[PDB]
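Protein chains in written order, with the authors' numbering: chain C, 1 to 840; chain X, 534 to 711; chain A, 357 to 444; chain V, 1 to 156.
Using N, Cα and C, we set each Cβ at its ideal position, and we do this for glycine too.
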Amino acid sequence: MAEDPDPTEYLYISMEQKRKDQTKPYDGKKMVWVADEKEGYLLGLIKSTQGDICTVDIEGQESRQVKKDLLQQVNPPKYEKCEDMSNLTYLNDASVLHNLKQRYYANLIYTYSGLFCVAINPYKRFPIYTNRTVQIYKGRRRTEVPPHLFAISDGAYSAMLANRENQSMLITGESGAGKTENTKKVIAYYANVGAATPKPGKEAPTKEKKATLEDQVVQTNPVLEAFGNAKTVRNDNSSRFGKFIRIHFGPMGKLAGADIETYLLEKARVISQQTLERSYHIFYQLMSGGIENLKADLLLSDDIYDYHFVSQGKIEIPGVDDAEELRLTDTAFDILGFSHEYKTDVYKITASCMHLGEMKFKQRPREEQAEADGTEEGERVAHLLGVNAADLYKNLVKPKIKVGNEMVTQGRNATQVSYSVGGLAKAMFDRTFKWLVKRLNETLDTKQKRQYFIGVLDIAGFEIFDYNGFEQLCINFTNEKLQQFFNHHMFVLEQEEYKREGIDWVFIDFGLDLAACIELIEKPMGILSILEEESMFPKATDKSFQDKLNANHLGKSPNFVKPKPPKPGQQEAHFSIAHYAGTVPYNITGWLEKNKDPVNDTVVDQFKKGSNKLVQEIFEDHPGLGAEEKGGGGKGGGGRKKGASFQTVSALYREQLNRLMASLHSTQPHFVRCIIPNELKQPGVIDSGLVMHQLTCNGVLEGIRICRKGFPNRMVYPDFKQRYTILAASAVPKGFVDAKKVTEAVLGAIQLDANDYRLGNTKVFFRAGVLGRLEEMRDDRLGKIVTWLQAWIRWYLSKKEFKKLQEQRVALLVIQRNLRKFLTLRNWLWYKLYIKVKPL
Amino acid sequence: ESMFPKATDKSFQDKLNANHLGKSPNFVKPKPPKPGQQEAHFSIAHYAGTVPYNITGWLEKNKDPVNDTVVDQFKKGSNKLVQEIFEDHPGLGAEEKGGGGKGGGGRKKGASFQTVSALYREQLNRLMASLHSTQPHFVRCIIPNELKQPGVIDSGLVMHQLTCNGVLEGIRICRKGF
Amino acid sequence: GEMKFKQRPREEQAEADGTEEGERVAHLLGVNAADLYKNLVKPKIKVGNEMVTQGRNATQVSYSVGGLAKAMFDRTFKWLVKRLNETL
Amino acid sequence: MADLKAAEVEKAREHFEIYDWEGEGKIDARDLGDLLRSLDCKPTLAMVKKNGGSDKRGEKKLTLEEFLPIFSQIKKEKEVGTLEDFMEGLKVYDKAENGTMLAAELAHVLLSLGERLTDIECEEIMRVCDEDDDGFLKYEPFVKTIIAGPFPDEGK
């Protein structure tokens with residue numbers, strides 16, 4: 001909480017600004033640090049300040065003086081602990097991160113970064129996630145209340161209701177820090193205004209109460225976090241799936257529905273494991289949680305390693321143990337009304353994905369191919385699908401890559417033997433991810449499609465490790481398209497409108513921008529064009545996939561590094577490809593062996609469909625090994641014996657990316673930046689040097705520099721003349737003073753006419769937190785609702801009744817003479833006599 | 534669809550040719566200049582002549598050259614007396630916000646870029662049908678002369694107006710006119 | 357009427373070196389000469405649903421000054437009949 | 001109003017004989033406020049204490065002489081028919097201005113903030129304004145209704 005009355009103490013600790021302010025002085029604790037290019041922070045002194053540039057001297061290292069679009073350094077104390085951090089004097093993402101470093105230990109993980117905000121998280125709960133602290137910041141807009149994700153969504157509720165466009169919250173960044181957790185905080189703000197708030201009670205549970213059912217939208221996110229996040233090389237979890245929930249708000253803004261469009265959940269990823277880490281521990285939620293009994297019933301037994309001794313690593317969890325996703329997801333299903341019988345069936349198809357794979361708990365002493373400890377053969381693969389072949393194991397041990405009816409044996413390193421089983425389990429785990437769409441939308445929607453609605457992406461980031469193939473392609477390319485919108489809307493489209501509005505603030509661009517330069521189908525990053533063209537017909541020669549990649553020259557920003565073919569031309573060794581960040585390594589074979597999808601290197605004949613009814617519905621669109629049969633589009637269907645999509649699956653997904661781009665030009669995007677905590681994992685260790693490197697290659701530092709001169713968010717001038725009720729109304733003139741002139745007095749116009757806002761024709765461009773300060777004055781007078789007007793209520797009542805009393809002014813003069821005559825005529829009787837029985 | 538750049542001048546003419554042309558006779562067909570945005574001409578039945586139209590600019594006017602918003606804030610007051618003079622408060626100077634919608638004002642919704650012509654389908658039904666069922670007294674107003682002056686009348690104008698106003702038929706029943 | 361091709365800057369944006377011309381508009385609305393001369397020059401065009409601009413030259417700019425007038429006159433007249441109809 | 005008028009003194013001599021049940025004079029403490037309310041001065045209970053008067057029973061009582069400096073302090077300050085924080089004090093649940101706010105948040109915010117008055121009056125701010133099924137109830141007409149008043153002028 002951040003304000004709790006004394007009578008509301010029955011479940012909540014009080015917070016008071018009466019007398020103390022919760023420590024009457026506020027005070028600093030900062031120093032001047034300069035960002036390293038290894039690890040951590042080290043001391044440094046300012047050498048000379050020549051405006052917004054700031055030449056630094058690292059004390060005991062080196063000296064710089066270079067540009068701040070590649071130099072990032074923590075600001076003085078005064079310029080830490082500020083909101084909308086892009087308005088400062090020194091334009092650094094390092095000051096946001098340092099302010100967030102101290103605050104991460106104190107469980108406050110939001111610090112603004114102008115329009116957007118940076119975040120560091122383990123992907124877990126903290127007490128700042130309470131609904132109590134949401135009602136406090138309710139109607140406080142962007143600035144006025146301490147930095148949080150709830151007030152970003154408020155800043156965006158208001159900039160949506162102030163630009164005359166629709167809005168789209170999205171989550172940009174590199175995984176390592178909660179994206180799926182952060183989604184919950186967007187959906188939960190709209191849950192609050194969408195059911196309204198009269199402001200915190202003078203009661204708290206005694207007397208158990210506080211219920212709202214808008215929360216169930218919010219719980220959509222932890223169900224999908226289980227089938228999407230696990231241990232990786234960045235902190236405790238990372239996102240490695242694409243989530244795109246289009247949460248619909250109504251024509252008021254009231255929350256009613258949500259449409260889950262599933263992208264791609266990794267197409268590997270049990271069959272191979274990362275080195276010293278795990279790659280995905282979400283198939284292992286019934287290996288250490290779930291129903292342990294239906295682990296042995298499906299014919300899977302792994303022999304425990306019995307602690308390291310070296311034969312693995314490979315297998316090695318450095319974080320809190322597998323099945324950490326199992327607790328998050330089980331509580332979240334019951335809020336949604338997601339059946340107990342429906343979760344059981346998920347976990348089956350997930351142990352189906354394990355029977356082809358596994359590497360747990362250590363490598364076999366002559367395999368050299370995926371298999372379990374206990375030597376279960378391919379008999380457990382065949383129990384659920386009915387697969388047969390005289391090539392079903394002990395011939396998959398030797399790598400074979402099947403092109404047609406032929407066996408072209410080319411390349412294949414020793415860590416990469418697992419494509420010979422393939423192939424169905426990859427196609428079964430992503431499809432299981434889309435099963436979740438058919439059940440969760442049954443209860444979420446009550447109506448669908450209408451404005452407003454928010455496009456929310458939670459996609460992958462930067463990861464290193466030899467083994468990567470087709471898996472992270474349509475995950476990473478989504479972040480690459482969003483990275484490119486962050487660099488388009490801020491730099492290219494943004495300065496194009498400042499040349500179409502007669503604005504003399506033309507072209508202020510600071511390098512490493514992409515502006516639909518990877519929206520070409522034939523230059524995305526090079527590998528994805530080639531996957532899509534050769535997953536259409538029998539072809540699983542990786543030599544040709546490497547050869548067309550070795551005839552593709554793209555680059556001007558991270559988005560392509562040269563390949564290394566399995567034999568001809570350039571050598572072997574692990575090549576890479578860039579997306580937005582560093583070098584991302586990749587394997588020589590395994591692109592079309594992860595999409596043509598092998599079964600046991602014998603062409604499918606009915607083996608592409610299961611032997612169970614439940615494994616059977618999973619198959620819908622995805623090529624099988626060998627020949628494919630016609631049809632399959634969108635993401636529908638009901639599977640075929642040979643192939644199940646004649647088309648590539650990824651090209652069906654391309655149709656959604658051409659459309660997601662056109663819908664972000666149909667929205668005003670507010671981003672939520674997630675930046676890596678550290679690349680050494682383990683929460684409560686933030687090494688800002690490793691972060692600083694990611695803050696340079698994605699171009700976030702140029703992104704701070706641009707939010708000062710230029711501005712992303714775009715509103716209109718008449719919105720200060722209507723939205724308010726204090727800078728509007730009769731209280732402040734609207735319509736009799738310039739709509740530009742209001743904004744200029746509370747915020748100033750002392751070189752703030754291009755350093756605070758860009759001044760256009762029919763539109764002003766704001767950060768979208770410039771609005772929070774303006775609104776900060778407004779709520780001050782609005783505080784009591786309304787003590788002035790209750791006295792006017794009593795005006796018309798006393799004066800209307802005073803009429804009854806006004807004819808009583810003369811009447812009082814008659815009863816006073818009459819009371820005297822009550823005694824006078826009792827001494828002077830024979831002055832009365834009226835009808836009764838006594839007269840004569 | 535015009536308030537958005539998804540509006541094609543092509544489809545306009547196509548939907549014209551179904552709904553207006555089939556039983557109309559003095560209707561001059563659209564011949565479209567295929568490059569870019571039309572400078573196409575058509576004409577429609579009336580008592581008066583052929584009209585060379587210009588089709589562009591119709592676009593910009595329902596994306597509004599000067600918007601909803603900009604106008605809307607002169608409407609707004611500072612004692613609320615000002616407001617009544619132009620609006621009661623839903624729409625015409627006060628705004629529900631957001632993009633989308635047709636018509637307004639600021640119902641519906643926001644800067645909609647006005648399409649009051651669609652609202653005028655609705656109402657248009659309502660004026661037309663009652664008047665359909667009423668028994669005729671008629672006045673067919675003919676152009677005598679352009680200068681608009683007694684003792685000058687032109688033959689050429691009146692000749693033209695009456696051929697389109699079916700003057701033969703129009704005396705065949707009214708040969709007993711009362 | 358008589359306003360066209362105002363790209364002369366005062367504030368690093370399309371406005372005008374005019375004064376009197378736009379002051380005789382300005383006073384009658386309340387809004388000052390700057391509110392006027394900023395917002396004339398080009399419309400915020402919904403493209404998708406977001407806001408872009410076009411390049412607009414002298415005639416284009418001319419036609420957009422005339423926008424502000426036709427929106428006012430239509431909307432006043434439309435209020436106007438209906439409130440007079442009540443009494444009748 | 002914004003200054004004492006000569007007729008508000010001539011009104012107050014007449015209405016002096018009402019307040020004392022005898023037809024004499026001596027302003028009752030609740031009928032202190034009824035005299036200020038029949039002379040266009042309608043302070044709060046916290047503004048009454050600043051002027052040094054009364055508007056409710058049990059508070060100080062005064063004579064009409066003593067009523068003139070009390071009456072004159074309201075004229076210098078708000079609430080004589082001035083606008084600021086009336087229909088400028090409402091709305092904060094809407095970041096849109098359509099001259100409307102929510103029905104639910106226009107009848108239990110005067111009851112959860114404010115000096116807090118009757119549920120019937122909470123129902124009049126909803127009744128004066130237009131109703132639609134979009135959840136948009138206007139706030140700004142109930143206040144102007146008060147400007148119209150039983151008498152815009154000096155009550156009688």
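Item                                                                                                                                                                                                  : Value
Distance check for residue 98(V) and residue 771(C), CA to CA, integer angstroms please.                                                                                                              : 19 Å
Short of 7 Å Cβ to Cβ, which residues in the segment 69-85 of chain V face chain C?                                                                                                                   : 79, 83, 84, 85
How would you list, in chain order, the residues of chain X whose beta-carbon sits under 9 Å from the beta-carbon of residue 98(V)?                                                                   : 622, 623, 624, 627, 628, 629, 630, 639, 640
Kindly indicate which residue of 92(C), 415(C), 588(C), 645(C) has the alpha-carbon position closest to the one of residue 692(C).                                                                    : 92(C)
Below 8 Å on the Cβ atoms is my contact criterion, and I expect residue 606(X) with residue 739(C) to pass it. Report the Cβ-Cβ distance as a whole number of Å.                                      : 6 Å
Return the Cβ separation of residue 647(C) and residue 633(X) in integer angstroms, given the expectation that the two are a contact with Cβ distance under 8 Å.                                      : Contact doesn't hold; Cβ gap of about 34 Å is too wide.
DSSP state of residue 345(C), grouped into three classes?                                                                                                                                             : helix
For chain X, check one thing: does any of its Cβ atoms lie closer than 7 Å to the Cβ of residue 165(C)?                                                                                               : yes
Using a beta-carbon distance below 7 Å, is residue 709(X) in contact with chain V?                                                                                                                    : no
Let me make sure I understand the geometry here. Which of 86(V), 52(V), 114(V) has the alpha-carbon closest to that of residue 142(V)?                                                                : 86(V)
Whole-angstrom Cβ separation of residue 844(C) and residue 466(C), contact assumed at under 8 Å?                                                                                                      : The structure shown does not extend to residue 844(C), since chain C is modelled only from 1 to 840, so the question has no answer here.
Taking the alpha carbon of residue 123(V) as the point to measure from, which residue in 109(V), 115(V), 133(V) has its own alpha carbon closest?                                                     : 109(V)
Could you tell me if residue 471(C) is buried or exposed, where buried requires 16 or more neighbouring beta carbons within 10 angstroms of its beta carbon?                                          : buried
Residues of chain C with a CB under 8 Å from the CB of residue 445(A): which are they?                                                                                                                : Since the displayed chain A opens at 357 and closes at 444, residue 445(A) lies outside it and no answer follows.
Can you pull the chain C neighbours of residue 600(X), defined as C-beta to C-beta under 7 Å?                                                                                                         : 762
So that I know if they touch, is there some Cβ in chain X lying closer than 7 Å to that of residue 360(A)?                                                                                            : no
Please give me, in chain order, every unbroken run of the alpha helix (DSSP H) with length at least 4 that falls completely inside the segment 587-615 of chain X.                                    : 602-608
Can you confirm whether residue 613(X), when its beta carbon is compared against all beta carbons of chain V, has any partner nearer than 7 Å?                                                        : yes
Helix, strand or coil: how does DSSP classify residue 44(C) here?                                                                                                                                     : strand
Contact defined as beta carbons within less than 8 Å: I believe residue 140(C) pairs with residue 779(C). What is the distance between those atoms, to the nearest angstrom?                          : 7 Å
Give the interface partners of residue 386(A) over in chain X, defined as CB-CB distance under 8 Å, in chain order.                                                                                   : 607
Taking CB distances under 7 Å as the criterion, tell me whether residue 92(V) reaches chain C.                                                                                                        : yes
For residue 236(C) and residue 248(C), which I take to be in contact (beta-carbon distance under 8 Å), what is that distance rounded to the nearest angstrom?                                         : About 32 Å; that fails the 8 Å criterion.
Name, in chain order, the residues that DSSP records as bridge partners for residue 365(A).                                                                                                           : 370(A)
Please go through the same chain and pick out, in chain order, the residues whose beta-carbon is closer than 6 Å to the beta-carbon of residue 197(C), but skip the five residues on each side of it. : 135, 138
Pick out whichever of 571(C), 48(C), 274(C), 295(C) has its Cα sitting closest to the Cα of residue 346(C).                                                                                           : 295(C)
Check residue 764(C) in the structure and name its three-state DSSP category.                                                                                                                         : strand
Does the Cβ of residue 149(C) lie closer than 6 Å to at least one heavy atom of the ligand MN?                                                                                                        : Of ligands this structure carries none, so the ligand MN is not represented either.
What does residue 33(C) pair with, by DSSP beta-bridge criteria?                                                                                                                                      : 43(C)
Would you grab the beta carbon distance between residue 31(V) and residue 19(V) for me? Rounded to a whole angstrom, and I think it's under 8 Å.                                                      : 5 Å
Which residues bound the alpha helix (DSSP H) around residue 811(C)?                                                                                                                                  : Looking at the DSSP string, residue 811(C) is not in any alpha helix (DSSP H), and its letter there is neither H nor E.
Going along the chain, which residues of its own chain have a beta-carbon closer than 6 Å to the beta-carbon of residue 710(C), five neighbours each way excluded?                                    : 494, 508
When the cut-off is 7 Å and only beta carbons count, does residue 730(C) lie next to chain V?                                                                                                         : yes
Kindly indicate which residue of 330(C), 784(C), 303(C), 391(C) has the alpha-carbon position closest to the one of residue 199(C).                                                                   : 784(C)
What three-state label does DSSP hand residue 123(V) in the structure shown?                                                                                                                          : coil
By how many angstroms is the C-alpha of residue 635(X) removed from the C-alpha of residue 546(X)?                                                                                                    : 21 Å
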